[PDB]
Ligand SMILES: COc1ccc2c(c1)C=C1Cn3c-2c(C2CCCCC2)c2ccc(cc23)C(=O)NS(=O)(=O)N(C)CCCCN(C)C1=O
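Here you get one chain, nothing else, as C-alpha cells; it is the form deposited without the ligand.
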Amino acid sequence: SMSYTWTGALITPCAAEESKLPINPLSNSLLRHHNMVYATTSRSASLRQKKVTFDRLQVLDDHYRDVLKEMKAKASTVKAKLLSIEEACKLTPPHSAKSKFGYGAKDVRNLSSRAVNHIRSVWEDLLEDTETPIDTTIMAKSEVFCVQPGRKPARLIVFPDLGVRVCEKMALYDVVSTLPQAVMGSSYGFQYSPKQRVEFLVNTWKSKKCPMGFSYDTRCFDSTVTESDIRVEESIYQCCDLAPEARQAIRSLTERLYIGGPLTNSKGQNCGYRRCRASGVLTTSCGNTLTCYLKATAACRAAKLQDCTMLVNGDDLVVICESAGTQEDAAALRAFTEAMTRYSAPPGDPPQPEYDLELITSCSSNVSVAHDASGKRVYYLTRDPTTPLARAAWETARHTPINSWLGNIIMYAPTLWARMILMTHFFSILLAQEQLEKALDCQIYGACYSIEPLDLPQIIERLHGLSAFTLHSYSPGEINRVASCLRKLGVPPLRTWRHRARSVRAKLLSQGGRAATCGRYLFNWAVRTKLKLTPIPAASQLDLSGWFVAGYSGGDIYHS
C-alpha cells in the first residue's frame, strides 16, 4: 500500500515559524556564523512529503517468522498493569498539545472534571468501536540544524487528540515500558545510560575473536512500517497477560490509530491518509525498536552473518559480529541489506563495514577514548558537536520549551566539547543572570524531565563517575572533529574558552553551596593547580533509574 495519500491540502503552521538565528550578544559569543544555523519550517513540508511517500515492498520468509516466534515466546513472560485515568494523567507533559474538546494539558494534570469525563468517553469508545479510523493531526516539526556543504526539510509529526493520547497510556504505558526489554534483553538500547551503552558496546566488541560492526540507516523508517508490521507488533503485545479492557484497547488502537488513519492539518482541512507508522503515538518508539530488531535479526540469518549482536534504539540500529574476512563481510553485509529490503526496510546510506569501533555511529554517537587523572584509559560516549552547538546557540537567543543543552550536558558530560564549551557558556550566563537555581525542562530518550542546574555535579558523577571531571588526552580522531566543528561554526578556540572558564570557575567558588561545588568539579580542567576530587555526598541519593528504562520519543511522556 502507499505510505501516504494526499488530498492536496497544505500542512499548515498554527502560528508563526522562526527560521533564522537572531543576531544576539549572548549567542554571538558562542558562535559567530549565525547564518549557518537554521530551524526547519512548514515551508519545506511538501519536500518531506515527496521523500516519505511511496509504495512499500514486503516479502516475508522463514527466518522472519522463526524470529517473530522467538520474540513472542519471551513476551509471554510479561504481565502488564492497566493504568487508571488518574495515573495516565500524571504522565502528561505540561506543554502537551491541548485537546479539541475544551481542555488542555494543565486541566489533565489537575484532573479537571471536564478533561477527565471526556477521557472516559474516549476510553468507553475504544472498548465499543473496534473499527472507526481515529483522526490525527499532521504538523511540520520545527528543529534546528547547521547548513551542509542544501538544508534538511522538516520532519512531519502525526498525532491523535489528547484524549486518545491519555488512553494509550492507560492501556499501553506499562507494556511499552517493560516488554521491549523482556524481548530483546541486552540488545534494547533505551535501558542503558551513556556509560552503560559504552560498556555494552566495547564489551560486545571485545567478546568477538575478530570484531566487525556496522550501523544501519533505514530510509525514513516510519514510512517503511507496513500494516503487516503494525499487526505483527500487536501480536507481540497480545502475548502479555492483560486486563480485558486493555486487550480490547490495544486491539482498537491498532486498527483505528496505529495501522493508519486520516490526516487533518492545523486548520481542520483533510490532508490525506496514513498507512504507516504514526510518529506521534505512544507505541512509536517501542514498535520501531521491536520491528527493527525483528527484521535485522532475521536479516542476519538470511545473510549468513556470524554471531550478530544487536543494539537497537527505535529505528536506530547497530550490529557487531564475528568477522569472516574483508570480502566475505562485504558480500554478507550486501546480502543483509537485500534481506532487509525485502522486509521493507531499505537503506538510505548503504551500510559500510567497520573494523574500528570508534568509527561506528549508533544513535548519532560513537565510543571514543580518554584518560583519567591516573592515566588509565576511560572509554566514553561522544558525537559530532555541530547539531548540539547550533541548537545551543539557538536556545540561547530564543526562549525554547525544552532546553536541549541541559540534556546534552548531562548525556555528554565527560566529552571534550560539552565540558569546554557547553558547561562554560551556559553557566557564565546562568550566573550573570543569576538563574543558578531555576528548574528547567529537558529531555532524555523522549521523556521530559525537570532539572535543577546546580544538581549537575551529582548527576554527572552518578551517571558517568568522577573520571568525567578529570578526563584528558582525548584521541586525535575526537580532537580533529571538535576542531573542524569549532572552525566551521566560528566558535572561539580552546585558548579562549579556557580563559572564560578560568573565570567562571572562580566566579563560582566565591558563592559556596552547590554552586561552588559546580565550579570545583565541572571546571577542574581549567586550572593547572587542580583539586583532588572526592565522591560527592549528594551523589548517593539520586534515583536515576526511571531515566533509562525505555524510549518515548513522540510518546508524549513526562516523568514527574
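Note that residue numbering begins at 1 and tracks the sequence as displayed. Whichever C-alpha set is largest while still superposing within 1.5 Å between the two forms counts as the rigid core.
K.L.:
Comparing 135-143 with 431-439, which has C-alphas lying farther from the shown form in 5 other deposited structures of this protein once the core is aligned?
P.N.:
Comparing 431-439 with 135-143, the one that moves more in 5 other deposited structures of this protein is 431-439.
K.L.:
Please work out whether 476-484 or 370-378 has the higher root mean square C-alpha deviation in 5 other deposited structures of this protein relative to the shown form, with the rigid core as fitting region?
P.N.:
Evaluated in 5 other deposited structures of this protein, the stretch farther from the shown form is 476-484.
K.L.:
Find out whether the coordinates of residue 16 are absent in at least a third of the other compared PDB entries of the same protein.
P.N.:
No; none of the other entries leave residue 16 out.
K.L.:
Is residue 149 left out in a third or more of the other entries?
P.N.:
Result for residue 149: never missing in the compared entries.
K.L.:
Please compare 71-79 with 452-460 and say which has the higher mean C-alpha temperature factor in the record.
P.N.:
It is 452-460 that shows the higher mean C-alpha B-factor.
K.L.:
Is the mean CA B factor in the deposited entry higher across 286-294 or across 153-161?
P.N.:
Comparing averages over the C-alpha atoms only gives 153-161.
K.L.:
For the listed 59, 45, 516, 39, which has the peak Cα B-factor recorded in the PDB entry?
P.N.:
Max CA B-factor in the entry, restricted to 59, 45, 516, 39: 516.
K.L.:
Could you tell me which one of 302, 389, 444, 182 shows the highest CA temperature factor in the PDB record?
P.N.:
Within the set 302, 389, 444, 182, 444 shows the top C-alpha B-factor.
K.L.:
By its CA B factor, does residue 309 count among the lowest, middle or highest third of the modelled residues in the chain?
P.N.:
Its C-alpha B-factor belongs to the middle third of this chain's values.
K.L.:
Which third, lowest, middle or highest, does the C-alpha temperature factor of residue 348 belong to within its own chain?
P.N.:
It belongs to the middle third of the chain when residues are ordered by C-alpha B-factor.
K.L.:
Can you work out whether the C-alpha temperature factor of residue 227 puts it in the lowest, middle or highest third of the chain?
P.N.:
Within its chain, residue 227 is a lowest-third residue by C-alpha B-factor, going by the deposited values.
K.L.:
Among the modelled residues of this chain, does the Cα B factor of residue 16 put it in the lowest, middle or highest third?
P.N.:
For residue 16, whose C-alpha B-factor we compare with every modelled residue in the chain, the answer is the highest third.
K.L.:
Sorting the chain's CA B-factors, does residue 401 end up in the lowest, middle or highest third?
P.N.:
Highest third of the chain for residue 401's C-alpha B-factor.
There is also a form solved in complex with the ligand; it is not shown, and the following applies to it.
K.L.:
Taking the pose of the ligand in the deposited complex and superimposing the surrounding C-alphas onto this chain, would you call the site open or blocked (blocked if 3 or more ligand atoms come within 2.4 Å of backbone or C-beta atoms)?
P.N.:
Blocked: 3+ ligand atoms clash with backbone or C-beta.
K.L.:
Can you pick the one in 456, 263, 339, 422 that has a heavy atom within 4.5 Å of the ligand in the deposited complex?
P.N.:
The residue in contact is 422.
K.L.:
Tell me, out of 63, 33, 56, 520, which residue has a non-hydrogen atom within 4.5 angstroms of the ligand in the deposited complex.
P.N.:
Contact residue from the list: 33.
K.L.:
Taking heavy atoms only, is residue 504 within 4.5 angstroms of the ligand in the deposited complex?
P.N.:
Result no; residue 504 lies far from the ligand in the deposited complex.
K.L.:
Can you tell me whether residue 508 touches the ligand? I mean in the deposited complex, with a 4.5 angstroms heavy atom cut-off.
P.N.:
No, no contact at 4.5 Å.
K.L.:
Indicate whether the ligand has at least one heavy atom within 4.5 Å of a heavy atom of residue 257 in the deposited complex.
P.N.:
Close contact is absent here: in the deposited complex, residue 257 is far from the ligand, nothing within 4.5 Å, heavy atoms only.
K.L.:
Residue 133: heavy atom within 4.5 Å of the ligand in the deposited complex?
P.N.:
No, no contact at 4.5 Å.
K.L.:
Counting only non-hydrogen atoms, which stretch in 425-433, 175-183, 327-335, 161-169 is within 4.5 Å of the ligand in the deposited complex?
P.N.:
Residues of 425-433 come within 4.5 Å of the partner.
K.L.:
Within 76-104, which residues have a heavy atom closer than or equal to 4.5 Å from the ligand in the deposited complex?
P.N.:
Counting only heavy atoms within 4.5 Å of the ligand in the deposited complex, no residue of 76-104 makes contact.
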